[PDB]
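# Observations on the three-dimensional arrangement
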Amino acid sequence: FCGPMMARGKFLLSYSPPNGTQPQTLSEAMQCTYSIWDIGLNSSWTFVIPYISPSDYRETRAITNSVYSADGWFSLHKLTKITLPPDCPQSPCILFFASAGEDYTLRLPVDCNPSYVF
Amino acid sequence: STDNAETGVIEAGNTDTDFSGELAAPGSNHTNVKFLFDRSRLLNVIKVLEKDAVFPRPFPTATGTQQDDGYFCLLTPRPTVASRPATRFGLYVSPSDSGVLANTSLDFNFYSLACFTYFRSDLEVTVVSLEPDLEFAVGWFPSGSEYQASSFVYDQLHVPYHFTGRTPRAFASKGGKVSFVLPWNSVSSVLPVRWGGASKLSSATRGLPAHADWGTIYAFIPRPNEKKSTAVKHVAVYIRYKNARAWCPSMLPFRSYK
Amino acid sequence: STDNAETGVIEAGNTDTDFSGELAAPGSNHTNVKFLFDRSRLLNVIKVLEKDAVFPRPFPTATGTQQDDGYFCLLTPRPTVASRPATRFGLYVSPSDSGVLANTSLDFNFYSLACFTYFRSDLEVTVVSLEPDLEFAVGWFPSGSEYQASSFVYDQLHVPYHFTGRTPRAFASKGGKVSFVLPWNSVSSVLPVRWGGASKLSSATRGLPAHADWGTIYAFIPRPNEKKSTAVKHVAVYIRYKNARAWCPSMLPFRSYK
Amino acid sequence: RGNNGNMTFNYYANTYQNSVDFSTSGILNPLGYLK
Amino acid sequence: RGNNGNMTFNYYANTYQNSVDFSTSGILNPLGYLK
Amino acid sequence: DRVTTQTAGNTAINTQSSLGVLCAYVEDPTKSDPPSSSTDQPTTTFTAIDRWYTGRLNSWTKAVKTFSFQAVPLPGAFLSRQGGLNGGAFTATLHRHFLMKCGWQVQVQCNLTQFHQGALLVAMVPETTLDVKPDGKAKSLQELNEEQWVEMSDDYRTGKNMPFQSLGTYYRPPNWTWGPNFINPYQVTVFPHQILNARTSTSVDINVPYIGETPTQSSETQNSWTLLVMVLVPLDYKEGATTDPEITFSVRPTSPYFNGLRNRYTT
Amino acid sequence: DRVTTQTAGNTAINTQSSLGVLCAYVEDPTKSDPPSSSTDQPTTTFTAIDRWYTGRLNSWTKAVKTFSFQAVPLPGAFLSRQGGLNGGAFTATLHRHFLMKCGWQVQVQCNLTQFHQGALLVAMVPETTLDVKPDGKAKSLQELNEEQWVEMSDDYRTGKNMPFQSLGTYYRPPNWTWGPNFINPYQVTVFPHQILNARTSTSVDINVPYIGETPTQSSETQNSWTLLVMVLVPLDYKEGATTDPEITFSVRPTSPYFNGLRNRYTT
């Protein structure tokens, strides 16, 4: 949370597994794998997305005849609104990162896309 | 969990950290650097020499210089131009016929995974022909040597000086290939994938390493210069990084969004 | 002897059970599953690529799509159509020239002995040419990868992107063959000979497994696209199931009585 | 062991030749047991 | 050891095959240490 | 002796002509480890799904020919309520979990008097698409009432009518002649089966484990077993006996493992 | 310190202004033996109801007076879905069991800035009929929106408006003046309570055990606890601060015992 220090708020962080419809309501995302993040002194939260899949190794590239995509949807819901004191900037900014876990493992090299060079 | 990403170190968690879960078993080690670059890939399609060459003179090359372009393959994953190391990589979009089209090269499979700054490895060079029944030969000269460009008349036949030497000229059988592993011969301790210093050379340009290469191969046909053919014959140079080590993590190239 | 076949288990008797006799000596173990599928047999005759292909777009393919059919061999004993896995096997009886005749395949020697439901094995692929003096090459991509379909201009020659890669492109000598054993690379634990579930894919069809395959080979000729020939060249793909295991007994196909 | 007469010498290692399963942690038995 | 299945027999010696460094005289450690 | 009461949960069933529980492929098909393709904790068995589910099935008349089968998919009958077979709190858990890994234990009842003749072939047939019309879509409850018994035609013997994908206008549509989910009707006794003869028993007992191409399969789209009641000998009686005996079945999932919880399945 | 994450099942909740979990009447209100008024086996806790249920609650404006309460019955809010409070697989089990014996564990969140003042009185008030109109019927979701906060009138202080029975035309209807389910608003701090002051905390934590006149009570018709958010000091701020802070709550049943299974409750 890269907002001001005087901001107080909470954020719900739901990872839904692949459903037929992407969950949009907070009550449809309360039921999935969520976690509530309270903004305070420490200003980071590492939501670790579980590996829920039938196959032991998921395909890293879903460019295929597509549907509502496995492996599901991450979604950042604001639970309570961010209450700012007067003379503080409206609309703060939640800077997102994306790392790998301590058990993230890769397999089978393929030829890369050379389209970074054109 | 509660963390501080301003610290600069985020400990790689698991599912069991916040939730009830378990560790997944380790799949495989195909991300190992010594495993992942130890596989062959195409570097540059170079023409095959048919006479004693003239090596490309250094930049800025002026017009009228009768030299031989597109014959020498500066064996480097970094971008080259006209058989000499460069910084930028340039491809001709609409190549009109004004001026000499400079043979550029790059290792497309390398930079998409070159998430590091320094890289040292041996080099296995396989030189596959792109011509039916081509009996060629693969000369070579190390990082910091130059090409011996003349001819000595043996028996009224201009045999050039690139048939002999102290550097490996492997001769191919007809319909065959040439494969040999080259050691790390540059004077630098490692090869800079990304280099930020200035090479104090012929006029100094930032970001251009001088000796980041394994050498330079060139293909010739083992006949004297009186037996010169007419059509242009190509050859393709594959390259494998044996015993790769890599240091100092860095960025991967910018994949666009259009 | 007195028995009950409604029980569902009938104990396999001998001559000595009812009569006076003796046990015959055991002949041989040629019915062993690891012995009986460990022998090569023809899978599919596929054409040989001569340019950068367009992989067959998924069904329902509409007219006007310029794609390349009959070049990719989805390496599976189950019935395929147009290099993609299918359920039914269709052969054209009177193939009139309206529409594209889709290259189907099946392993005829497998299903006549596939008296089981699940089957896992390695795969030895031998790719025999069906052309006098053909210098071809056998590309491949695993179960769950796709074909890299474009071309990169090396030396004003459209060399396609299926010459290089991280997957085995074995090059054949002229008049020779290509033989290499592929490991079990599908994401499913076994290959379903018979499958009854539904693949939640592009619109879901019962009885069609999504990743019951060892990959997909394709044959190309190692020349750039300017050296394209005119006549169509074929190649034949033989297949051997190394280290076969089979589970869950099932039926053998219905031999008719006409 | 299969259709394999090479009792003497395997050049390639077992992981490269075959494809072993990763860890999770004669007498022809019947396929149906009446109990 | 790399992409090398030759566990059995190296014909050429180590100096000729590889290129060892001359002398001057699993557990994936982090690349940044907060101290 | 031949009187075995199989108590399970709060629902027990009796039989007085028990041939024995035909345990399939193993000694105890109840023993089953968790799935190895999940990194969460599975919902194991609990005492509200550890019970039998009796549901009816269509009557067996004289009009039924030889080899006319009647397929009951598992768990596909819990979800479409095939034959009045409400799944109870099992289907209330099957709709809310993405992957499900269980092994079944069925029992088909059909009471024939000693003056009837006939022989049903009950078998747990793995991995078949027999509930699906030769046109893809699965059969609704009306189409199971409009035919009452599926005739073993040539399309089922050759597997010609299993569901396919529309190749589109581009490809000339090939003459489909074979597909690997056929039934060879003479070889259905390779499956875990008992014969429900009209003179030995009134209840067959099959106990199958979980089989499947993955260590756990999807919940909505699996058909790894299929109960398959096939007529080997047609029913015959003299005029006065009890016409059209009813057939029921009783399915009990042994040791399920539900993984991947989500909300109730909306198509 | 004051950072307590209360993980339960697959749903954890954080707080950074935790006063402490006000365990009520015992050291550990999770420990609870089975009911002694049942001769069957109870459905104990399982890992799909051992989790928190966040549901909203009406906003707290300046228009709210002193002692204006807002009652959330337990388990009565799971069943009528009060404040978007879907019970999940707990209400899917509560409708199918006749008797239910659980002890709750609630947590009310309301984030006040340091420039607001006010003090909610959150308390688990046992055995009250505060959700019921003075006319018997329980309040629907519209009537909880039509008033947003129930004023502490004299009818609630005297208990005059608790539900009664129609004596009929025979008896002259007496002048009802008192009933024992009153609220004395000054004595709500005898209950297991914490005060949600605008300057000490943003989350109160109450943990109550099962109490009730019988060793297990009915599932549809029990109100043995009632969450009760009462305004002791009205909200006040200067013009510019965040008007109308929202109030939520998070209810978790500790160690339930469901007895008496039947089909889903049809009125």
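Residues numbered from 1 in each chain as written, not as in the entry; some residues may be left out. Chains lettered and ligands numbered in written order. Part of a larger assembly, values for the part shown. Heavy atoms only, no water.

Per the deposited record, the coordinates in this entry were obtained by cryo-EM to a resolution of 3.38 Å.

## Considering the overall build of chain A
If you tally the helices and strands in chain A, you get 1 helix and 4 strands. Helices and strands in chain A line up, N terminus first, as β-α-β-β-β. Here chain A holds 118 residues, and the buried ones make up 44% of them. Put simply, 72% of the contacts in chain A that link residues at least 6 apart link residues at least 24 apart. Of the roughly 6,500 Å² of accessible surface on chain A, a fraction of 56% belongs to carbon and sulfur atoms. Taking the 7 positively charged and 9 negatively charged side chains of chain A as two groups, their mean positions are separated by 8 Å. (Helix = DSSP H or I, 4+ residues; strand = E, 2+ residues; numbered from the N terminus. Buried < 20%, exposed > 50% of the residue type's maximum accessible area, 1.4 Å probe, protein only. Contact = heavy atoms within 4.5 Å. Areas by Shrake-Rupley, 256 points an atom, 1.4 Å probe, with all protein chains shown as cover. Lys, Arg positive; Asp, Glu negative; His and termini not counted. Charge placed at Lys NZ, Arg CZ, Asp CG, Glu CD.)

## Here we look at the relation of the copies chain C and chain B
Turning chain C through 72 degrees and shifting it by 0.0 Å along the axis lays it on chain B, with an RMSD of 0.0 Å. Put plainly, the chains are arranged around a five-fold axis. (Least-squares fit on C-alpha atoms.)

## Brief notes about the environment of G:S140
Inspection of the secondary structure puts G:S140 in the loop between β8 (117-124) and α3 (154-157). When its relative accessible area of 37% is taken as the criterion, G:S140 is described as partly exposed.

## So, the sheet that holds strand β7 (residues 104-105) of chain C
Residues and elements named next belong to chain C. Taken in spatial order, the 3 strands of this open sheet run β4-β3-β7, and their pairing is antiparallel. Whereas interior strands pair on both sides, the edge strands pair on one side only; in this sheet they are β4 (84-85) and β7. Where strand β3 (residues 80-81) lies against β7, 2 bridges are found, and the strand directions are antiparallel. Across the sheet, the residue bridging to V81 is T104, located in β7. (Pairing = 2+ DSSP bridges.)

## A closer look at the nonpolar core
Of all hydrophobic cores here, the largest spans 61 residues; its most connected members are B:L75 and B:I217. Apart from the residues within four sequence positions on either side, B:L75 is in contact with B:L43, B:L123, B:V125, B:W140, B:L182, B:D213, B:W214, B:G215, B:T216, B:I217, B:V237 and B:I239. Counting 57 residues, the second-largest nonpolar core is a separate cluster that includes C:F37, C:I46, C:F89 and F:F69. (Core = buried A, V, L, I, M, F, W, Y, C linked by side-chain atoms within 4.5 Å.)

## What to know about empty space enclosed by the protein
Where empty space is left in the structure can be found by rolling a water-sized probe over the atoms. As a volume, the largest cavity reaches approximately 170 Å³. Every residue lining the largest cavity is counted, 16 residues in all, and those nearest its centre are B:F108, B:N109, C:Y154, C:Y161 and C:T164. Where the lining of the largest cavity is concerned, the elements lending two or more residues are β2 (41-49) and α3 (108-111) of chain B together with β11 (151-154) and β12 (157-160) of chain C. Tallied by class, residues from the lining of the largest cavity come to 10 nonpolar, 3 polar and 3 charged. (1 Å grid on protein atoms, 1.4 Å probe; cavity = no way out; pocket = protein on both sides within 12 Å on 5 of 7 lines; lining within 4 Å. Points joined across faces, edges and corners; volume = space filled by probe spheres on them. Nonpolar A, V, L, I, M, F, W, Y, C, P; charged D, E, K, R; others polar.)

## As for a nonpolar patch on the surface
There is a patch of nonpolar side chains on the surface, built from G:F164, G:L167, G:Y170, G:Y171 and G:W176 and spanning about 660 Å² of accessible area. Here G:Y170 shows up in the loop between α3 and β9 (193-197). (Patch = residues over 30% accessible without salt bridge, like charges linked within 9 Å, V, L, I, M, F, W, Y side chains within 5 Å. Salt bridge = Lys/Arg side-chain N within 4 Å of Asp/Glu carboxyl O.)

## Examining the interface of chain C and chain B
Between chain C and chain B, the contact holds 10 residues from the first and 16 residues from the second. Buried area between chain C and chain B, summed over both chains or domains, comes out near 1,400 Å², and the portion from carbon and sulfur atoms is 60%. In terms of surface lost to chain B, no three residues of chain C exceed C:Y154, C:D155 and C:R166, which account for 43% of the buried area on that side. The tally of links between chain C and chain B comes to 0 salt bridges. Where chain C touches chain B, the interface holds 2 residue pairs in polar contact. A class-by-class count of the residues in the side of chain C that touches chain B yields 5 nonpolar, 2 polar and 3 charged. (Buried area = accessible area lost by both parts, 1.4 Å probe. Polar contact = N/O pair within 3.5 Å; in protein donor to acceptor, adjacent residues only side chain to side chain.)

## So, the interface of chain F and chain C
Quoted interface sizes are often the accessible area lost when the parts come together. Taken residue by residue, the interface counts 57 residues in chain F and 63 residues in chain C. Of the roughly 5,300 Å² buried at the junction of chain F and chain C (both faces included), carbon and sulfur atoms supply 58%. Among the residues of chain F in contact with chain C, F:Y170, F:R172 and F:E213 are the three that bury the most area, contributing 18% of the side total. There are 1 salt bridge connecting chain F and chain C. The partner of C:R206 in a salt bridge is F:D131, with the nearest N and O atoms 3.2 Å apart. Those elements that place two or more of their residues in the side of chain F that touches chain C are β3 (18-24), β9 (171-172), β10 (176-178) and β11 (193-197) of chain F. When strand β6 (residues 100-101) of chain C meets β9(F), the two strands line up parallel, connected through 2 bridges. Across the sheet, C:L101 pairs through a bridge with F:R172, a residue of β9(F).

## Re the arrangement of the chains
When the 14 pairs of chains in contact are compared, the highest contact count belongs to chains C and F. A gap remains between chain B and chain D, which never touch, and the nearest two C-alpha atoms on either side lie 8 Å apart. Note that chain A does not reach chain E: the shortest distance linking a C-alpha of one to a C-alpha of the other is 10 Å.

## Comments concerning the packing of aromatic side chains
By the definition in use, this model includes 86 aromatic pairs over all chains. Aromatic side chains F:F67 and F:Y186 sit 5.0 Å apart centroid to centroid with 85 degrees between the ring planes, which places their arrangement in the edge-to-face category. One end of the pair, F:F67, is in the loop between β4 (53-57) and β5 (71-74); the other, F:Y186, is in the loop between β10 and β11, with 119 residues separating them in the sequence. By relative accessible area, F:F67 is classed as buried at 16%. Taking 6.1 Å as the distance between ring centres and 40 degrees as the angle between the ring planes, the aromatic pair formed by G:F164 and G:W176 counts as tilted. Of this pair, G:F164 sits in the loop between α3 and β9 while G:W176 sits in the loop between α3 and β9, and the two are 12 residues apart along the sequence. Given a relative accessible area of 53%, G:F164 falls into the exposed group. Assessed through its relative accessible area of 45%, G:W176 is described here as partly exposed. Taking NZ or CZ as reference, B:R39 lies 5.4 Å from the ring centre of B:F35, over its face. (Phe/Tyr/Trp six-rings, centres within 6.5 Å; stacked < 30°, edge-to-face > 60°. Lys NZ or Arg CZ within 6 Å of the ring centre and 35° of its normal.)

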